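*Asks:* Pasting a structure here, questions to come.
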Amino acid sequence: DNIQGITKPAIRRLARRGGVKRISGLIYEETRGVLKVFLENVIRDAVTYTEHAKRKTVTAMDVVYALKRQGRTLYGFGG
Amino acid sequence: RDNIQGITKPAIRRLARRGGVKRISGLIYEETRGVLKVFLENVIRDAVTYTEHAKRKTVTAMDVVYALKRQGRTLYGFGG
Amino acid sequence: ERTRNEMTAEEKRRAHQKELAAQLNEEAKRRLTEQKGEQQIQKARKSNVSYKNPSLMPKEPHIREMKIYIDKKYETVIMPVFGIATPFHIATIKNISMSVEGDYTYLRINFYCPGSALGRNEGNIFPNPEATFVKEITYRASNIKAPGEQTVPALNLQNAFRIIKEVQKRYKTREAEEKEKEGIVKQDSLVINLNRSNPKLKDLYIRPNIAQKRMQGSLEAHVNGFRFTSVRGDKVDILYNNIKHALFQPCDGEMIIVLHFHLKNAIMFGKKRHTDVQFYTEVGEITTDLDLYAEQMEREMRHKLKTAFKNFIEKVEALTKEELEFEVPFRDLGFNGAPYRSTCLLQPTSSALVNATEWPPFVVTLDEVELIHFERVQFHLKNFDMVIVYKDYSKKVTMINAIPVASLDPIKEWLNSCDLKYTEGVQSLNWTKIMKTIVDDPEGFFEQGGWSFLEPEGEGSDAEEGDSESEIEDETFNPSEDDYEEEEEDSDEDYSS
Amino acid sequence: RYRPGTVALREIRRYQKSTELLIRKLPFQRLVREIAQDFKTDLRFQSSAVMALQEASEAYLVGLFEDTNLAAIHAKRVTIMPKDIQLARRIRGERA
Amino acid sequence: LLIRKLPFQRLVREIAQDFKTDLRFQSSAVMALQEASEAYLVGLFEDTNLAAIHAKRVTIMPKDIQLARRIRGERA
Amino acid sequence: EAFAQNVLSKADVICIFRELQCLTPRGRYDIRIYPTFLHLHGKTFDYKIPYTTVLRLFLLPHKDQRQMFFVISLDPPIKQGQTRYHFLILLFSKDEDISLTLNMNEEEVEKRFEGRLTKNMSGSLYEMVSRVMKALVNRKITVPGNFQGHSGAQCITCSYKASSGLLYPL
DNA sequence: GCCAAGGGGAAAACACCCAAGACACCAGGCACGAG
DNA sequence: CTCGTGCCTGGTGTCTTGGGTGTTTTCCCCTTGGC
């Protein structure tokens with residue numbers, strides 16, 4: 001139920017950041033839904049890459065692959 | 001006759017009707033050609049790109065196939 | 001192998017659907033062959049006579065004064081046409097314009113005539129369209145008061161200009177009344193359930209508005225109908241019978257809780273007549289401009305409202321001897337589509353397919369669905385469209401454009417469960433043609449298998465068992481005997497596990 | 001109604017298990033050669049490559065029109081206007 | 001950074017549960033996720049505003065996000 | 001013609017740029033040019049703009065490379081009923097050709113236009129109209145500088161208020 | 001008394017909805033073009 | 001060889017802007033007060 005924990009202002013601040021001027025309260029219900037769907041796929045992939053690596057705790061290496069594999073790639077890292 | 005008009009308004013009107021698009025501004029037909037040209041240009045460039053490794057001076061469906069892949073337009077119905 | 005999950009939903013459904021097709025055609029033939037005995041609707045029109053004779057026309061000071069004049073009692077403009085006091089009934093004037101052209105004020109009067117009477121299907125409104133027409137009249141008068149005048153030359157134009165818009169809008173409005181007023185059955189009453197605990201709801205915004213702007217009010221159930229009373233004292237009544245459907249949209253995932261009324265007949269909100277009405281209230285902050293207590297109050301307020309409404313419904317259902325069961329849209333059975341102009345979540349109810357969140361409201365009484373066609377259905381598409389055929393072919397089909405293809409199978413299943421016959425077609429041919437075609441010759445239509453014409457000839461209907469098919473250009477891929485021989489070089493090298 | 005216009009066009013919906021190319025093949029082939037020429041000379045075009053392009057583009061343009069329709073629908077408009085194509089392209093991010 | 005790190009981590013471990021227990025995440029991964037999470041929502045809102053613009057409005061609505069994702073092809 | 005000549009058989013008889021696509025005000029108007037004003041004749045309304053009121057004239061190439069926006073800064077703005085416009089905006093295609101005739105003597109045409117123009121001409125409406133109005137109002141044709149975007153257009157895709165339009169870096 | 005600070009009232013600038021109409025699109029029809 | 005592409009016409013219908021709401025904010029009037 002922690003999706004309810006993703007505070008309205010947190011979302012609200014990102015919306016202001018995205019240049020949105022105004023928001024309708026349903027955006028929170030919707031935003032939480034969107035966040036889950038993105039997360040579901042990224043983690044499932046992150047899980048699978050970690051599962052392949054034979055580990056139970058995910059590392060940034062694994063998430064980079066999950067996002068990169070989806071074209072949602074992260075920046076600022078190397079090895 | 002100029003092939004840019006070869007993608008005649010009715011040829012476009014058919015596609016838009018199929019893309020579910022109902023009424024069409026005259027203005028659209030023109031942009032469609034641009035878009036199509038932009039679309040094709042990227043594709044043809046890539047087809048040539050492939051053709052050069054193959055040391056060929058003939059464009060094959062394989063080059064187009066290998067190209068549509070690269071654009072997220074993977075195509076089935078060609079090759080061996 | 002044999003990894004398939006289960007028989008495809010279609011294969012199960014096919015027998016019933018195939019069954020429904022047979023049932024449909026028989027059913028269609030009787031209903032329609034029987035319906036073919038009914039007939040069309042007539043109309044009438046009158047001429048816009050300003051005055052019955054030259055003596056009944058006014059003699060007002062402006063007329064004498066070479067001034068453009070308006071006779072409100074006769075809805076007529078009197079103007080000095082080259083020294084001639086000439087009347088023009090306001091019903092002939094399309095609109096007006098005025099311009100100041102340096103030293104002069106120009107009043108331009110545009111009139112209805114061929115080509116100017118744009119937009120109306122009434123091209124050639126005129127009792128004699130081949131007659132020549134006074135397209136427009138333009139008068140000028142200086143902006144400057146000339147010697148001896150009682151009014152500036154331009155002042156007459158400025159007042160005639162202003163008053164014409166006034167009389168014209170008043171006439172247009174009285175005309176518009178008659179268009180909206182005709183076609184309404186006199187409702188007998190309502191009978192308020194006096195001195196009884198009449199169920200009620202108070203946070204209610206009516207839709208559409210009665211006046212120019214929205215109002216709140218409360219809805220009460222009475223002896224034979226509802227009443228919505230605005231906070232400004234307006235009374236709105238709904239006979240229970242006249243409600244074609246009562247559908248209740250809980251505020252679940254919606255910023256409003258709504259009671260949607262689909263009506264068997266349209267009713268006047270004074271401004272307009274509507275077959276659909278709503279009562280709803282806002283769930284929360286809709287206009288945020290860029291926390292548990294607030295969030296919890298949302299949960300409470302929703303539940304509070306949700307309960308209050310749910311109670312109102314039950315109280316009304318009990319009061320109504322259940323004759324008004326409030327259908328609740330089965331949200332997980334809803335899908336994204338556009339019945340009018342904008343994307344919305346269409347949802348099925350026990351007897352209708354609707355979307356009452358948005359406005360205008362969309363309601364499909366499944367009892368009236370003759371057939372459904374999934375146009376544009378194709379593998380390369382990402383969306384498709386749905387067409388509804390009505391049981392009275394004199395009425396147009398309804399499209400439900402761009403429904404996403406991911407909902408293809410679920411929608412068919414829903415339709416299947418509703419005993420609804422559907423068909424698919426990559427093409428999207430003209431239904432207006434198809435309707436007149438079948439309207440004019442249903443007999444021959446049914447004889448050509450009628451609606452079977454939509455069948456994509458999936459399974460072996462003997463009538464057209466071979467459809468329109470032919471071999472493409474192949475020998476049904478048969479690998480020649482010589483092509484298999486290269487297999488021996490699958491060299492047995494035990495490459496490490 | 002057994003008469004022409006009714007029967008064929010009606011049934012063509014069902015006869016059309018075919019995947020007829022919506023742009024005229026030669027009018028298009030000439031444009032392919034033309035744009036091909038715009039890129040480089042000596043380019044022999046296999047009809048297969050011409051077909052590959054033609055079919056992809058038609059579906060692709062239909063695809064573009066799917067989005068364009070949405071965007072028109074989005075704006076409460078039936079008639080698409082180039083702004084919709086643009087909107088669609090921008091959102092798809094499928095821009096050069 | 002715009003979401004509370006706790007609810008965010010709680011949600012990550014919670015959904016992880018639906019796939020598999022035992023799963024927990026090193027700080028680097030959860031941070032990387034939020035780093036990705038913010039970028040996605042940023043892009044989506046920008047896009048949604050384009051729709052808002054396109055629809056001649058400033059108050060974005062879920063349908064704006066729906067259309068954007070719909071056109072974006074985020075769904076199956 | 002028959003009716004027109006019959007009228008003229010008893011009648012006692014500057015120019016009209018016909019069918020002008022205006023974005024502001026929205027509509028199609030016929031510009032009846034006059035000695036000191038242009039009578040923008042419309043399908044319901046009409047307006048006369050004294051040349052003195054024009055602050056500036058701008059020629060803005062559309063990003064489509066197929067149309068041009070011609071702008072006339074108005075001061076005062078025309079009062080469109082209650083609404084008022086500080087500009088006149090015209091949209092014409094680069095290939096929207098026309099012919100114009102001045103109901104003036106060639107001596108007068110030469111006299112006022114220094115031989116830059118003739119009593120009768122034909123050509124692209126944008127180039128032609130820009131030249132004709134440049135004279136009646138004397139304002140020079142304002143054009144964008146060397147600004148041509150990454151997309152090559154002489155303007156930028158943007159939004160201002162509850163709408164989208166083009167921002168031109170003049 | 002002269003000179004200044006504060007609360008409040010009426011209003012302006014904005015994001016949004018509802019109404020009208022004109023042009024610009026498809027539909028209808030006769031003709032030329034080149035697959 | 002003749003179906004497909006096109007020039008021309010009328011109509012609509014459907015996209016544009018005008019009229020309008022009420023929310024977030026400022027400039028102004030009103031009045032009391034301190035040196």
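We label chains A, B, ... in the order they appear in the structure tokens, count residues from 1 in each chain, and number ligands from 1 in the order shown.
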Mind checking which residues fall within 10 Å of region 20-23 of chain H, counting only C-alpha atoms (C1' of nucleotides), ignoring those fewer than 4 positions away in the same chain, and posting them as a list in words?
*Replies:*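 My reading of the contact set: residues 212, 213 and 287 of chain C; 14, 15, 16, 17 and 18 of chain G.
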*Asks:* Per DSSP on the backbone, filter region 16-92 of chain D down to the residues in helix (DSSP H, G or I) and report them as a VMD selection string.
*Replies:* chain D and resid 25 to 39 47 to 74 82 to 92
*Asks:* Go ahead and write the selection's residues with N, CA and C atoms as a short mmCIF file (atom, residue, chain, number, x, y, z; two decimals), in the first residue's frame.
*Replies:*
```cif
data_model
loop_
_atom_site.label_atom_id
_atom_site.label_comp_id
_atom_site.auth_asym_id
_atom_site.auth_seq_id
_atom_site.Cartn_x
_atom_site.Cartn_y
_atom_site.Cartn_z
N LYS D 25 1.57 1.21 -56.78
CA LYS D 25 2.92 0.66 -56.85
C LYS D 25 3.87 1.40 -57.79
N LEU D 26 3.47 1.66 -59.04
CA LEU D 26 4.39 2.38 -59.91
C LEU D 26 4.55 3.83 -59.47
N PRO D 27 3.48 4.58 -59.23
CA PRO D 27 3.63 5.96 -58.76
C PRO D 27 4.58 6.03 -57.58
N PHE D 28 4.44 5.06 -56.66
CA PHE D 28 5.34 4.93 -55.53
C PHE D 28 6.74 4.49 -55.97
N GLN D 29 6.83 3.49 -56.84
CA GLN D 29 8.14 2.96 -57.23
C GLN D 29 9.00 4.06 -57.81
N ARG D 30 8.38 4.95 -58.57
CA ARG D 30 9.04 6.09 -59.18
C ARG D 30 9.57 7.02 -58.09
N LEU D 31 8.77 7.25 -57.06
CA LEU D 31 9.20 8.06 -55.93
C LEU D 31 10.35 7.38 -55.21
N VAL D 32 10.31 6.05 -55.10
CA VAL D 32 11.40 5.34 -54.46
C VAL D 32 12.66 5.59 -55.26
N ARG D 33 12.57 5.39 -56.57
CA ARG D 33 13.70 5.62 -57.45
C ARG D 33 14.15 7.07 -57.30
N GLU D 34 13.17 7.98 -57.25
CA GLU D 34 13.44 9.41 -57.12
C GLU D 34 14.19 9.72 -55.83
N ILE D 35 13.62 9.33 -54.68
CA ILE D 35 14.31 9.57 -53.42
C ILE D 35 15.60 8.78 -53.40
N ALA D 36 15.58 7.58 -53.97
CA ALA D 36 16.80 6.79 -54.05
C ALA D 36 17.83 7.60 -54.81
N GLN D 37 17.39 8.16 -55.93
CA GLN D 37 18.26 8.99 -56.76
C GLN D 37 18.69 10.20 -55.96
N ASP D 38 17.77 10.74 -55.15
CA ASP D 38 18.10 11.89 -54.31
C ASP D 38 19.28 11.55 -53.41
N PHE D 39 19.35 10.29 -52.96
CA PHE D 39 20.47 9.84 -52.15
C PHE D 39 21.67 9.54 -53.04
N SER D 47 12.25 -5.19 -56.88
CA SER D 47 10.83 -4.96 -56.61
C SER D 47 10.51 -5.36 -55.18
N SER D 48 11.18 -6.40 -54.69
CA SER D 48 11.03 -6.82 -53.31
C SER D 48 11.33 -5.67 -52.36
N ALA D 49 12.46 -4.99 -52.58
CA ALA D 49 12.75 -3.82 -51.76
C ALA D 49 11.69 -2.75 -51.96
N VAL D 50 11.23 -2.55 -53.20
CA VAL D 50 10.16 -1.57 -53.41
C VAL D 50 8.93 -1.98 -52.62
N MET D 51 8.58 -3.28 -52.65
CA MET D 51 7.41 -3.73 -51.92
C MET D 51 7.63 -3.53 -50.43
N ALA D 52 8.82 -3.92 -49.96
CA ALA D 52 9.14 -3.82 -48.55
C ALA D 52 8.88 -2.40 -48.07
N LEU D 53 9.44 -1.43 -48.80
CA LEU D 53 9.19 -0.04 -48.44
C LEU D 53 7.71 0.28 -48.53
N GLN D 54 7.08 -0.06 -49.66
CA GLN D 54 5.70 0.34 -49.86
C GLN D 54 4.81 -0.16 -48.74
N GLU D 55 4.87 -1.46 -48.46
CA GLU D 55 4.00 -2.02 -47.44
C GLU D 55 4.30 -1.42 -46.07
N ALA D 56 5.58 -1.27 -45.73
CA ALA D 56 5.93 -0.71 -44.42
C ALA D 56 5.35 0.69 -44.28
N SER D 57 5.57 1.53 -45.29
CA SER D 57 5.11 2.91 -45.26
C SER D 57 3.59 3.01 -45.15
N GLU D 58 2.86 2.20 -45.92
CA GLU D 58 1.41 2.28 -45.87
C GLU D 58 0.92 1.97 -44.46
N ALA D 59 1.41 0.87 -43.88
CA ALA D 59 0.99 0.51 -42.54
C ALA D 59 1.44 1.59 -41.57
N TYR D 60 2.68 2.03 -41.77
CA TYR D 60 3.31 3.08 -40.99
C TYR D 60 2.52 4.38 -41.06
N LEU D 61 2.14 4.80 -42.26
CA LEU D 61 1.33 6.00 -42.37
C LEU D 61 -0.02 5.76 -41.73
N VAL D 62 -0.59 4.57 -41.91
CA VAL D 62 -1.85 4.28 -41.25
C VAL D 62 -1.61 4.42 -39.76
N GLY D 63 -0.45 3.94 -39.30
CA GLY D 63 -0.07 4.03 -37.90
C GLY D 63 -0.04 5.48 -37.48
N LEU D 64 0.60 6.31 -38.30
CA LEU D 64 0.67 7.74 -38.03
C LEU D 64 -0.73 8.32 -37.95
N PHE D 65 -1.62 7.89 -38.80
CA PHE D 65 -2.99 8.33 -38.78
C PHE D 65 -3.73 7.79 -37.61
N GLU D 66 -3.34 6.66 -37.05
CA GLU D 66 -3.97 6.20 -35.83
C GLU D 66 -3.71 7.25 -34.75
N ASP D 67 -2.45 7.64 -34.58
CA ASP D 67 -2.11 8.64 -33.60
C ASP D 67 -2.75 9.96 -33.95
N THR D 68 -2.69 10.35 -35.20
CA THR D 68 -3.27 11.60 -35.61
C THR D 68 -4.73 11.57 -35.31
N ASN D 69 -5.44 10.48 -35.54
CA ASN D 69 -6.82 10.50 -35.22
C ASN D 69 -7.02 10.73 -33.75
N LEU D 70 -6.23 10.05 -32.92
CA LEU D 70 -6.33 10.20 -31.47
C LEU D 70 -6.17 11.66 -31.09
N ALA D 71 -5.11 12.26 -31.60
CA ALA D 71 -4.84 13.61 -31.28
C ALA D 71 -5.99 14.45 -31.80
N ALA D 72 -6.57 14.24 -32.96
CA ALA D 72 -7.71 15.06 -33.31
C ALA D 72 -8.82 14.85 -32.31
N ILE D 73 -9.10 13.61 -32.03
CA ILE D 73 -10.07 13.21 -31.05
C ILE D 73 -9.73 13.84 -29.73
N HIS D 74 -8.45 13.89 -29.45
CA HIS D 74 -7.96 14.50 -28.23
C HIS D 74 -8.38 15.96 -28.15
N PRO D 82 -2.46 19.41 -39.44
CA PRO D 82 -1.06 19.05 -39.33
C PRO D 82 -0.50 19.11 -37.92
N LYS D 83 -1.00 20.02 -37.10
CA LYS D 83 -0.62 20.11 -35.69
C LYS D 83 -0.77 18.76 -35.01
N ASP D 84 -1.77 17.96 -35.36
CA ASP D 84 -1.97 16.63 -34.82
C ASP D 84 -0.86 15.76 -35.28
N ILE D 85 -0.51 15.76 -36.55
CA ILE D 85 0.61 14.93 -37.00
C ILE D 85 1.83 15.28 -36.20
N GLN D 86 2.02 16.56 -36.05
CA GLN D 86 3.15 17.07 -35.35
C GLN D 86 3.10 16.63 -33.93
N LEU D 87 1.96 16.77 -33.27
CA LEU D 87 1.79 16.36 -31.89
C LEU D 87 2.18 14.92 -31.77
N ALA D 88 1.61 14.09 -32.63
CA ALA D 88 1.87 12.68 -32.65
C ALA D 88 3.34 12.42 -32.82
N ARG D 89 3.97 13.04 -33.79
CA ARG D 89 5.38 12.82 -33.99
C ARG D 89 6.21 13.25 -32.83
N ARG D 90 5.88 14.39 -32.27
CA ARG D 90 6.62 14.90 -31.12
C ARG D 90 6.51 13.92 -29.96
N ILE D 91 5.28 13.54 -29.63
CA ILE D 91 5.05 12.60 -28.54
C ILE D 91 5.73 11.27 -28.85
N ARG D 92 5.58 10.76 -30.07
CA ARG D 92 6.26 9.51 -30.35
C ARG D 92 7.75 9.70 -30.19
#
```
*Asks:* Determine which residues of chain E receive a DSSP assignment of strand (DSSP E or B), computed from the backbone, and state them as a list in words.
*Replies:* residues 24, 25, 59 and 60 of chain E
*Asks:* When you get a sec, could you note down which chain C residues fall within 10 Å of chain D, using only C-alpha atoms, as a PyMOL selection string?
*Replies:* chain C and resi 338+340-343+375+380-384+401-402+424-430+433-434+437-448+450+452-458+467-469+472
*Asks:* Using only C-alpha atoms, I'd like a table of the residues in chain F that come within 12 Å of chain D; for each, show the closest atom pair and its distance in Å rounded to one decimal, ordered by chain and ascending number, as a Markdown table.
*Replies:*
```
| residue | atom | partner | partner_atom | distance |
| --- | --- | --- | --- | --- |
| F:64 | CA | D:82 | CA | 10.1 |
| F:150 | CA | D:96 | CA | 10.6 |
| F:151 | CA | D:96 | CA | 9.3 |
| F:157 | CA | D:86 | CA | 10.3 |
| F:158 | CA | D:83 | CA | 11.7 |
| F:163 | CA | D:83 | CA | 11.6 |
| F:164 | CA | D:83 | CA | 9.3 |
| F:165 | CA | D:83 | CA | 10.1 |
| F:166 | CA | D:83 | CA | 12.0 |
```
*Asks:* Pull out every residue of chain E that has at least one atom within 9 Å of chain G, counting only C-alpha atoms (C1' of nucleotides), and report them as a list in words.
*Replies:*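 Result: residues 57, 58 and 59 of chain E.
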*Asks:* Any idea which chain H residues end up within 9 Å of chain C if we count only C-alpha atoms (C1' of nucleotides), as a short mmCIF file (atom, residue, chain, number, x, y, z; two decimals) with C-alpha atoms (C1' of nucleotides), in the first residue's frame please?
*Replies:*
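Contents of part24.cif, freshly written:
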```cif
data_model
loop_
_atom_site.label_atom_id
_atom_site.label_comp_id
_atom_site.auth_asym_id
_atom_site.auth_seq_id
_atom_site.Cartn_x
_atom_site.Cartn_y
_atom_site.Cartn_z
"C1'" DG H 11 -22.76 21.54 -49.09
"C1'" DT H 12 -21.41 20.76 -44.22
"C1'" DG H 13 -19.72 20.30 -40.34
"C1'" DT H 21 -17.07 32.12 -15.29
#
```
